[PDB]
Structure formats: C-alpha cells, structure tokens
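Note that the chains are named A, B, C, D, E, F, G, H and I in the order they appear, and that numbering of residues resets to 1 at the start of each chain.
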Amino acid sequence: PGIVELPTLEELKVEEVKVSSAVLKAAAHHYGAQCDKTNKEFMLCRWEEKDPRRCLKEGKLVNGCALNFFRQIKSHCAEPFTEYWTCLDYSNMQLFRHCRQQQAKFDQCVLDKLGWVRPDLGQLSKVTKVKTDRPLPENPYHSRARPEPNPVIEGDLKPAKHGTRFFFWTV
Amino acid sequence: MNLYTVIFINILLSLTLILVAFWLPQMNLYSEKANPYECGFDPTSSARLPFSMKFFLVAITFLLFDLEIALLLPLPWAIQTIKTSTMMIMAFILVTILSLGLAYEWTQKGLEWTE
Amino acid sequence: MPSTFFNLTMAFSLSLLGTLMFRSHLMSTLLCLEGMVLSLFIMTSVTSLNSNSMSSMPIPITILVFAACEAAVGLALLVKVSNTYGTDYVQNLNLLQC
Amino acid sequence: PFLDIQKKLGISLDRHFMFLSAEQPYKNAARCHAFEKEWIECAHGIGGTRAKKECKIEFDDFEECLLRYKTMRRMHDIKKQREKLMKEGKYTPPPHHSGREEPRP
Amino acid sequence: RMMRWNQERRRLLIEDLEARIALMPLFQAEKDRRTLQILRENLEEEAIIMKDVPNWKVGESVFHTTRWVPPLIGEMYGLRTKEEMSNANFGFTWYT
Amino acid sequence: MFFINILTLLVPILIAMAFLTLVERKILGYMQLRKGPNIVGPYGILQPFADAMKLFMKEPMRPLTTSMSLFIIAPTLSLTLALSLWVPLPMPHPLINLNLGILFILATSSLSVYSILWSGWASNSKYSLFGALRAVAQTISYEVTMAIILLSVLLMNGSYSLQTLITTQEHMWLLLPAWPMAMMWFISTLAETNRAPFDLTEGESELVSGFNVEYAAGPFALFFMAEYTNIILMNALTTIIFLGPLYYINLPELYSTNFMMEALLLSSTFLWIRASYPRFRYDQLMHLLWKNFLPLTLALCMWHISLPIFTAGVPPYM
Amino acid sequence: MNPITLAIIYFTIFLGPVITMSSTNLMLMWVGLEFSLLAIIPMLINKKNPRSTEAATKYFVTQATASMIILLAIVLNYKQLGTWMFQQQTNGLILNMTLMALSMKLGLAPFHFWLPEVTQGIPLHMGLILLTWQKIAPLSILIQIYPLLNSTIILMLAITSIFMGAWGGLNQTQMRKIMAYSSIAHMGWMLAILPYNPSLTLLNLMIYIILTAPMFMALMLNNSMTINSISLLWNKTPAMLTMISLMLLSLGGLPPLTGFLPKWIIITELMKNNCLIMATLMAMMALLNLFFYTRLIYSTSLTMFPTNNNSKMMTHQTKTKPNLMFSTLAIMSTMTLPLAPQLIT
Amino acid sequence: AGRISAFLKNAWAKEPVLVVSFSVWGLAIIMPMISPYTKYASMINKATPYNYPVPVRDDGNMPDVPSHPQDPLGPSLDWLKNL
Amino acid sequence: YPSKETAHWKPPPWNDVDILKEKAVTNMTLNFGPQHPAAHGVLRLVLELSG
C-alpha cells in the first residue's frame, strides 16, 4: 500500500522537561490545576484524532506550559518544593501520606505567593468541557464507504400459488 | 531475573549439599545393607502392590473444591467493581452452592471413609 | 509467539496421539487427556494475553473447571473399573463385543 | 445460535464478549480494536457471502493487525539485508541503534 | 477500625490516581513524541540499508487503510540492540 | 550486591533453623523436667553443628528396590522449595517483591508436598508408602481449608502482595478482626508443616519413620532442614499476616525486631504444642478439617465478602 | 437414586443441549456438551454391572477425546480470528477438525465403533435417552456452521456411515445393537443432507426421534433385548404387533409410511444439487437397512415363535406399562405421509 | 415453639460449629440489606479514577459539565471526605 | 452369521450382569515390629491390611 508519513526529528524536537517522577508527583496537583486547559486540549485532540502526528503542536504547548510552571516554582518557591520532592523521593511508592509537613509548607508558600490553591479530593478526576477551534474530524477511523444493504422486498403477503406445489399435492 | 537467580542459587546449594553428602563419607554397601526395611524381617510382598484408598471420594471432592477455590480467588479484584450488588450476589450464590454440596455429601456419608 | 504457539499445538498433538494410542493403563490415558487440557489452557491464555482480551480471560478458567469435572468423573469411573476387575486394564474392559 | 432465546428475551448471556472489540474491563482496548470495529461495521447487514466478497479489505487489515505476518516478513527482510551488509562490511550501525544515544523522556 | 482505615486508604488512593491523571498529558505527549522519533530513525535506517534492494518501497505500510496503526514493540525495537529489546519485552515482568 | 543480599538472607535462615533444632531440644527438655543439650558447646550451641557434621560424614543409603532418580531428587527439591518460600517475605522489604505472593507461597507449599510424596514412593518400602498416603490425605484437608482462610484474609487485605499486608496492619493487627480464621490458619500451618498433633508422615510411634524411613545421613539432613525452615517460614508468614509488627518509614529496624520477636514466640508455641498434645489419627484430621473448619471457613468467607460491602470499607487496589 | 440427585442429574441432562442450542459462544456450546456428557454418565452406570461400567468408561473416553478436539478447533479459531465463532474465514483445517470431532461425538462411521457397544449393556430407557437426546446438540453445532463445512468429507462420512450401519444392523441380533446401527444409518442420512439444506436435517432428526421413541417404549414393555425375546411378543402383548410392524417399515423408509418422507426429500435435494451417485448408493444401503428391519418383522409379527410355559402366568398378570405418549408417537410416525408439505418447510 | 428452642439449644450445646456457621451465613445475607453504607461502597468504586477523564468538546450547549476542575459544577466527593 | 473369528462368541446375558471369576483380595502383609517403637521390642505383629 501507500507509505507512512511521519514527521522528522526537527519537527519532533522540543525542550523536554528533565524532571524526575518524584518531582512531578510533588508538583502534580498544582500542575493539574494551573496547566489544565492546555493539557485538556491535548487530550481532546488525541482522543478525537487518533493519529499522534496531528497533535504535535498541542504536545509542544503542553511542554511549554509545564516548563513555565516549573520555572515559576523555581523562581518563587524553590526550597520548600525541593525538600518536598526529596521527602517524596525517599518513599518507594512516593506516597503523599508520608510527607505532610513538607506538603503543608509548600502549599502555604504557593498560597501566600502566586495564589495557587491545591485541588480538593475528586476535582482533578472529573470530566471537563473544553473549547477549541480545531475542527472535529468527521472520519477519524479513515473508514471506507459502507456497502449498501440488500434491497428488502416490500408488498402484501399473498397466498401461495396453487398451494404448496409439492409434487402431486393439490393444496 | 533476580528471582530466577535466587532460585538457581537455591538449586546449586542443595545440589552441592547432596553431592558432598554422597561423595564425602566412606562407602561400604552390601546386600543386607541395602535390603529394604521391614522392622527386622524380610518383606512378605513388594511395596508396589495395590494399596487400598479409603478416602477416594473425598479426593474427588477435593478436586471439585479446589476448582471452587480457583473460582473464588479473583474476589480481591472483583470487589473493586462498579456493580458491587451483582458481584456480592454472585459470590453469595457460589459459596452457598459450595456449602450445599458439602452438606449433601455429609448427609450422604461421602465424607466418611469406606470400611 | 508463533513459534511458541506452534510448539503448544505440537504438544496438544502429542497428547492427543497418546490418548488415541492406548497402552494398558486407563490412568495413563486420563493423564494424556489432562495434558491435552493443559495445552489448551496455555494456548488460550497466551492468545488472550497477546490480544489483551481481558473479556475473554475467564474462558481459560472455565476450561479448567469443566476439564477438572471431566477428570473427576474419569477417576470415579476408574474406581468402578478397579472394583470390577482389580486393575485399570483396557484389555479387561472388552466384554461388550457380544 | 440454533435457538434464539437470548434474542427473543432481549438478554445477553454471552453476546457481549464475542470478539476483541467487545466490552472490556476498565475500558482497556484490546489489540486491533479499530480494525475489528471496521470489519464488523462493514460486514453488518449484508450477509456472510457479501461480507466475504466485499469486506475483504477490512478483513485483510484486521488479519494483518492480529497476526502480523507481513510485518514479520518485512522486519525479517530488513534484518537479513542488514546482517548481509554487515557481513560484506559496507554498512555500519548508527550510534542510537548500537546502544549509545541521547535519551528522551 | 478496618472500615475507617480502608476508607482513609481509598481517599489516599484516589489522591494518588488524581496525581497520575494530572501528570498523564505530559507523559502521553512525551511518549508519542519518543515513539515518533524512534519510528523516524528506523525509517531513515531502512532507507539507508535497503536502497539497493529491487522492488522495495521504503516505509511502505502493510495496511490498506491510511489511519494510524500504533507500532509494535518488535516494530520499534527490532533494529536496536538485543538487550534493549529484552528490556522492552521482559523489563516490567522481570523487575521484582 | 544482590548476591550478597542472597547470602545474608540464606545463611542466617539456615543458622536460625539449626538453632531452632537446638531450641526445640532445650524447650522440650525443660517442659519435660530435664535440661536438654548443654554439653556440646557452652550451652549446647555447638550441638546442631555436631549433628550436621555427623550426618554429612555418615554414608547415605541406596537401597536395591529404590528408584534412585526420585530418591535423589526429593530431598534437594524439599530444601530448594523451603528456601524459595523464604525468599519473597517482606521484613519489611522482601528480597524478591512479588504481586501474587501468597499464590507463590501456596504453589511452593504444594510442590514441597510433592517432594514428600516422591520420597515416599521412591523409597520402595511399605512404611514409606504409608507416609506418602498419609501426606496425601493431610494435604487434601489443609489445602482446601487453608486456601479459603487465606482468601478471606486477603479479601480483608485487598491484594495478594504482602507489603500491602504491612500497610493494612499499619494501625491494627488483623488478629482483632479475623481471630477465628487466625486460629484456623494456625492449625492449618501446623498441618502444613507436619507438626504434632498433625505430623502423621514422620510417624514415630505409628510408623517407624514414615516417608524418610529409608533415608539416611545427608538426604535425611536435607529433609530435616527443609521441615524446620518451613516451621520458621510458616510462623513468619503467620506473624506477617495476622500480628502486624510496627512499621515506620524512617526506620525498618523496629519492624524487623518486632517481626523477629513475634516469629520466635510463634515458633516456641509450635514447640509448646508438640510437647503438650498427643498425635491425631489421620482420618480424624481430615474429618476435623472438613467438618468443623471448612463449614465455618465458608461462612466466614461469605461474611468477609459481605463486610466491606455493607461497611463501605472496600480495600484499595494498591 | 434419591429424588434430589434425580432432579439434579435429569436437569443437567436437559440443560446441556439447551445451553448448546441457545449459546452464541462456541465456548458455551462446548460447556453444554460437557454438561450433557457428565450428566449422562451416572445414569449410564446406574445399574452397576460390569457391562454398564465398560459402557460408561468407553462413552466417557470417546466423548472426552472428541470434546478435546472440539476445544482445539475453538481455540485455534480464536487464535486466528480473535472471536468465539467460526464466522466465514476460519481455516478449513479448523472446520474439518470440528466436523470430525462432532462426528465422533455423534457416533457415525468410521467413528461408530463405540455406539453399538455403549448401547449394549445399558438399560433400554438410557439407550433411548442416548440415541435421541444426545444427538441434538452436536447436530445443532453442525447446523450453525453448515455453509462452512467441506462437502467432500461430509459426503464420505455420510456414505460410510450408511454402509457400516446397514452391515452392522444386518449382522446383529441384540435389539440395542440393532437400534444403534439404525442410529448410525440415519445419522449418515442427516449428515448427507446437512451442507445443502439443514431444514431437511432437522426433519430427518425429528422423524427418527418420533420413530425411535415408541420402538424403545415397546422394547421397554417387556425388556425384550433379543430377537427371540421380541419374537414371543404375540403371547405377551398381541395388540402391539401391528404397530411394531408399521414402525419398523417406517424405519425402513417404505411408502406410504411417513418414514419414507425423510429419505425421499433428502434424495430430492441431493438430486437438485447433482450428487446422483451418492444418492443412489445411499438408497441401496437404505434397502439393506430395510432388509434387517424386515427380518425383525418376520421374527416378531408375521410368524409366531414358540412360547414358554410361564407366559401363561404372565398373561394371568395385568400390566399398565404402555404410557399415553406411546400411541401418539406411533401414529405420528406411521400415518403422516399425506401431511408431507406441512412436515417440510 | 418450645421444641424448636429445645432443638436449637441442643444444637448449640452439642454442635456449636454448625450453629455459628449458619448464623454467620444468615448475618452475611441479611446485613447488606439493612446497612445504610451499602450504596457507599459502589459509589466509592465508581469514584475511584482508574482511567483518564477524557474531556468533551464544548459546543456551548451543555452547561452542567465544568470548564475547569476547580469549579463548583461536577460530582464532588465531599461525602467521601466526610465519610 | 457365525465365522471362524466369531464362532467363540456367546449371547449377552438377559440381565446384563456377567458372572466373573472372584478375584482374590490382595491384602498388604506388614511386619509390625519387632524393631518398632509401638511393638515393645519383641513382637512380630503380622498385619493383614486392606488399605
């Protein structure tokens, strides 16, 4: 068949976040609260257009929003966040329940500065509407034309002509 | 990889122990040394003869009950379902049916040993 | 996966060949039946795991349940045969020709 | 089925897990969900004979997704040509295929 | 006590899953970008290797449809090292 | 470093097994108004090493009627499965972290039963055959009952891992919610480990020695090591499951110390029970585990199905 | 058997084929087959004699092997197509293995060697239950996949089934063996018409069931297991000789009995599909079947074999054994040829 | 009835294991039908977010779904927090 | 239709219960003692056991 069209390394080049998973989980709730709109736009485009090559711009926007978020944290709340993700990184599961004083101090810092409020229980996990100017793909599966059904026969149900017509049986 | 490594280490350790146990001490074996043990007398018959089993029905019941265990074992993931009423009813039905089978066999003396 | 599935199919073929080619031991025939069952379970399980068909993952457990009921009934019949004859010999189980 | 008691009563005792693209636990899509969906959408309403004749493209795509025969043949041809070029020495692997690269998250 | 502690554990699990949900779009973007990069360098290597093979289309799909087919582990790690292939195959299973 | 971890798990478990033999001799003696070994070594502490060296410098038996392959295979299989069952236990961190830990435990225990069975059949003797058949009946009864017990307990726990059991018992022992099935699990571990009153396979008075009556020296030592390692193993599993040691993230040494103390107490309880009670008859063991334990186990399994549903205390998946 | 276990066993015997016919999933059809086999074994071995034990053992291992081959076909189809039904493009090897295993479950030649032996040594009511009820579910499975099957292998199985059934019925004197070879021949006819028109397969199955049921009931009247035992029926139940003769002639396919109708319409459909050689060979072997039926008729009805002295005491005693459903089935299997367009669809 | 109570006392004296088993079976049957927390288990399992909440495309016609996670609209878990 | 290969056959019994030769009960014989803890040292208990 036809060859596959996939973008080049220059199109796939972006400023990646060289940030560990414990750091991400420490900053998880505020990243989900502040950078929510761009992330939801990227998830909407990914779940509408199944092709990942149609969403590279949205992915780069997501990376840019995450970079801006972490740069803001580094600018204002460096030390409490540093000790918070360190205490998170000590645990094997990175459980939130082991480090609550560091979480409280980091939350206080990002509350008195930057006005950020941690999301409550059940807020990040609910379905949100999102406004976008990207058109809805009418044929996401690249489906061919469906074959037409059989020409169903209509009409009144007349009796059988000359009975059953089974050999010599009259009716 | 780590589990395979420690299993192999256990295998090597036990093989080394039985190998040194068989090649370290002095060997002196003769016919009466290696004849089978029957409390000082010769065995009347071979031990490969048929040996009657008085709990064979309980063993077959154990096969069926072990498969009932296999059915009941996905419960710790089944309790996470959205429709907990259906799961609870189905689990109750399964355990009640198992208990009724056990009670019927107990009534019909299947748990008792033959002879 | 295809080499593994071919080996599992050949294992089923060998177990079926053992079932179809009797020796003196009905217990050995039942063991060949259980080997066929085991090959079927492994084939179904690796197919479900390869295709990520968690909806069809209860099917191997159902196979095990019904096959264990089959093995249970076979053991009960072997008990009856041994009570009749003293052995489980298929050469003793032959008096229905006339 | 030989008897359509399930369709007459409207129940679904076993009709909801007949294929890969059926209902799945926790919405974990099976492999070739899209291909099987396209095959069933094509084949629905036209009968078995017309489905075999006219939905051959969808069936072939679904079969290729499920068994990956042509993908295996293509990868085997690529690797065989690569190892032949290595044997005659007129090709070298790139660094990112030979183990040393610049990783990305 | 088990009821109260299990309810608290459920709340903690929901908090952890919400953290995962908040981190998921970035992970998805990075994962598909990495997959596209690996497929691109595999395509370039296929162009280099089989340029002399007759009747060979570089990057030809095996599907009649033009929609996206997510690549297999064998597709995206076939031309890389055997240790990386084994890490992709048995890594999670053999990590204990 | 992983090999060093293997060594520092395996070697201390073996030394603890040997000193479990010594402490069984001492505790049984002091419960029998005598002293037990205090001559070989300072306080008898060189007695297990003396016994091990004597057994490994005595010649083994290779009887004429005996199937050599299975006769050799069974004791090394028993020791390997004992150490394999030891490998995934968390104290509070396991050497090998598994998801289906208790399923691994059940499979390895049944394979150890197979080691006993193959030893009894390979040693072509009538007392060995008696020991094998008694092992078959015993493992039938305790297998079904212990499987249902562990199913109910982990239904309360929520997953098959054992660090999850530590997290479950972070605030309270499972003995308080699940003490009847804790008693039935304790009896099941006695029957699994073949300890009195449910030994019945190394029947000292009924048989001569049972399944290992033809085994001598080295392989007999392997069987004894496997059995006593299984004793410490099952008591360690019991205290991990039911009597949750205090776990703190900053220091796991407190967990290890509490686990050690409770496991020592349960092992001493095993020796205490062996001193106290006479042996069951092996049909009475099956009748017990199938007529008293099993109906109550099914009822409590239904109760633990219902309990998180009507209390909304369904445990977390992770 | 206490009524609790009677209800459990009979309900599972009923439930097996019902699940098989109602099931969309091949796995549920297979577990219906498992239900039928497992539930019917204890009633086979219920009399607890060595012959019943041998019959139960042979039936168990045969059906277990055939069910394992069925399960192999189902798993291979699930591997190839990802679904739980042979839809249209399943492999011909898979379909042929399904056909072969279902033919071994049905008991048609050359997989027929167990059926006269299993039918012997079991009581007459269990032979009836076997030879009527146990064939519905495998036939339903075959009917569901009729356009996919291989006509060559099906026709070979059918022609050897009819040949071996005719020869076996010619040789045997035991009534259970005679009925088993009759089952083999009629199953051959049903399989022969299966790929072309399964409606005729169902018609022949229903005609065979309503002919086999009262013949087994008439055997059940006096426990006549032998040609001689059914031959002295004139002293025991003289009023049943005419219906015995008519039902045996209907089994032979003689016009104007209604048992001529399945063979007639199957031959007609084969002629429509241009298999004249197969149709003619099947008809000649059906004539051989009619020969051993006619010898049975000569023994029981047209001649009068010598009787015993204790038959006087048996005539002194009175019986209530023939049920209400015997005569209905006998009449509907004897005098229903003029309703042939209604019997066909 | 007096004879029923006498039989129950005799069973409790001689075979208490079966009495406890039947009582626990009955309690496990009847307890979820009377407890007020029974709906809460299904609601907790529904509220547990194993899958990503896929956003919907807003056409301006549904006002019930929230635009942002920190909005008053949507299925809040205050009942679980205060449970 | 008797032939050389089937002339040795007998008709089946009227009640399908065949008269079989009574198989000898092969009970296991055990020497309980004299070297046995329960045999008190000098007892040779010959035990005929079924199971």
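The criterion applied here is as follows: contacts are C-beta pairs under 8 Å (C-beta built on N, C-alpha and C of every residue); 3 or more make two chains touch, one makes a residue touch a chain.
Starting at chain A, find the fewest moves between touching chains needed to arrive at chain I.
The fewest steps needed to get from chain A to chain I is 2.
Between chain pairs D-G and F-I, which one is joined by a greater number of C-beta pairs in contact?
Ranking D-G and F-I by C-beta contacts puts D-G first.
Starting from the Cα centroid of chain B, hunt down the chain whose centroid lies farthest away.
A
Please find which chain has its CA centre nearest to the centre of all protein CA atoms in view.
So the chain nearest the centre of the shown protein is C.
Quick one: chain B and chain G, Cα centre-to-centre, how many Å?
43
Could you grab the centroid distance between chain E and chain H? Build each centroid from C-alpha atoms only and quote it in angstrom.
Each chain's C-alpha centroid was found; their separation is 38 Å.
Distance from the CA centroid of chain D to that of chain I, rounded to the nearest Å?
So the centre of chain D lies 62 Å away from the centre of chain I.
When the centre of a chain is set as the mean of its C-alpha atoms, what distance in Å lies between chain D and chain E?
16
Send over the residues of chain G in touch with two or more other chains.
Answer for chain G, listing residues that touch two or more other chains: 27, 50-51, 82, 84, 120-121.
Could you pull out the residues of chain F that touch at least 2 other chains?
As it turns out, chain F has residues touching two or more other chains at 96, 98, 126, 158, 208, 291, 295, 298-299, 302, 305-306, 308-309, 311-315, 317-318.
For chain E, which residues are shared contacts with two or more other chains?
Chain E, residues with two or more chain partners: 7, 10-14, 16-18, 21, 24, 30, 33, 37, 41, 62-65, 67, 96.
Within their complex, state which residues of chain C touch chain I.
So the residues of chain C in touch with chain I come to 84-86, 95, 97-98.
Which of the residues in chain D end up touching chain E in this complex?
Chain D residues touching chain E: 34, 38, 57, 60-61, 64-65, 68, 70-72, 74-75, 77-79, 81-82, 85, 91, 94, 96-99, 104-105.
Which of the residues in chain D come into contact with chain H in the complex?
26-27
Which chain C residues qualify as touching chain D in the complex?
2, 50-56
Quick check on the complex: what are the chain A residues that touch chain G?
Within the complex, chain A touches chain G at residues 163-164, 166, 169.
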